[PDB]
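In structure tokens, the next block holds one chain alone, the form deposited in one PDB entry.
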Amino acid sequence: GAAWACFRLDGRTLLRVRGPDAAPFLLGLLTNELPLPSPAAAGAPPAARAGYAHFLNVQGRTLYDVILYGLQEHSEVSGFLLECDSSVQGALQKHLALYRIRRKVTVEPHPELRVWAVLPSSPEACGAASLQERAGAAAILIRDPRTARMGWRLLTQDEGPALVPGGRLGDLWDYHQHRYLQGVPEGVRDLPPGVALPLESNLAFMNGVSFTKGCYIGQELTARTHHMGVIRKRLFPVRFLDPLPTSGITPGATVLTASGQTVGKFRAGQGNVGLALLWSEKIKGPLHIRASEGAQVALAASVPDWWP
């Protein structure tokens, strides 16, 4: 009966990045350009713009996946909101401190607003039930910048369904199940800090990287990989076709073909779905992971429909 499902993302938190130098400061640490809302004309309606990016380490590997919210109030830039994994709020705050030393910028946690995801309950069908972009103080409702398949982001001090018409509370299992089925990585389990490579994490397919931009931490290796050739290994949505063990699948379990050749590695999942870093060329033929006897468990790799 409900058109939208509202998920409170406890695994996600916000940081407020303000000051007159918040933009050049964040630009040198992120993979993308900043979501700067268009300059307000004639009057002053409060606006918000969303962007996706990763904070990389010096060796060009993903540290944190972040959703950026460019804030505008009274025709002027209000600052920025950084949405990161709850478990790496501190590490990110320390990483930002390590580079803020010489500039006019303030980084502080923003517990005032909570992270929510708004997904359309109707699969394939569009609206309506149409949703309108909301901004300013108390609440922000904006399209997920990664893909339309990820619905909307709701930043609010209140409850999700209270603002969303035809919205109902969602079971957090269904949100993570939706991400794994769509091949959407999010968080430290899907993107291990200092292990996951951004382009292999599908950062370009998710509007998270700019190649027409100035210098940033890990730019050199990123640019090189993007230009030298086709990304040979990618995170792909996987689904298990055989019963899983009591413990589950080990976070780095080898993906094998019928002959025993290592074609990939299980990353993370939930239930019978997840992501695996696989050699794109070897995703058709029958795949499996070792369990107890030596042959079980069977796995199926898929190509997300929202990818180019």
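All residue numbers are counted from 1 along the displayed sequence. What we label the rigid core is the largest C-alpha set whose atoms superpose within 1.5 Å from one form to the other. Residues that one form lacks are left out of the comparison.
- Comparing 293-301 with 12-20, the higher mean C-alpha B-factor in the PDB entry belongs to 293-301.
- Comparing 82-90 with 137-145, the stretch with the higher mean C-alpha B-factor in the PDB entry is 137-145.
- Reading the B-factor column for the CA atoms of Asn57, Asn32, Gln270, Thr250 in the entry, the top value corresponds to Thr250.
- Across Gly51, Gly264, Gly43, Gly28, the entry's maximum B-factor at the CA atom is seen for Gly43.
- Among all modelled residues in its chain, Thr156 ranks in the middle third by Cα B-factor.
- Among the modelled residues of its chain, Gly274 has a C-alpha B-factor that falls in the lowest third, as given in the PDB entry.
- In the deposited entry, the Cα temperature factor of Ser210 places it in the lowest third of its chain's modelled residues.
- Ranked against the other modelled residues of its chain, the C-alpha B-factor of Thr222 as given in the entry falls in the lowest third.
- Ranked by Cα temperature factor within the chain, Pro165 sits in the highest third according to the deposited record.
Not on display, but discussed next: the form deposited in another entry.
- A 2 Å or larger CA shift between this form and the one not shown, after fitting on the rigid core, occurs at just one of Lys213, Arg134, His226, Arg143, namely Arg134.
- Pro123: CA moves 2 Å or more between this form and the one not shown after rigid-core fitting.
- Positional change of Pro251 between this form and the one not shown stays under 2 Å at the C-alpha, relative to the superposed core.
- Comparing the forms between this form and the one not shown, the C-alpha position of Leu163 differs by less than 2 angstroms, with the core used for superposition.
- Compared with the form shown here, the Cα atoms of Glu159 and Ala125 move at least 3 Å closer together in the other entry.
- Relative to the displayed conformation, the Cα-Cα distance from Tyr69 to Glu133 grows by 3 Å or more in the other entry.
- Core-based superposition between this form and the one not shown shows that the consecutive residues, three or more at a time, whose C-alphas shift by 2 angstroms or more lie in 41-47, 73-78, 123-130, 133-139.
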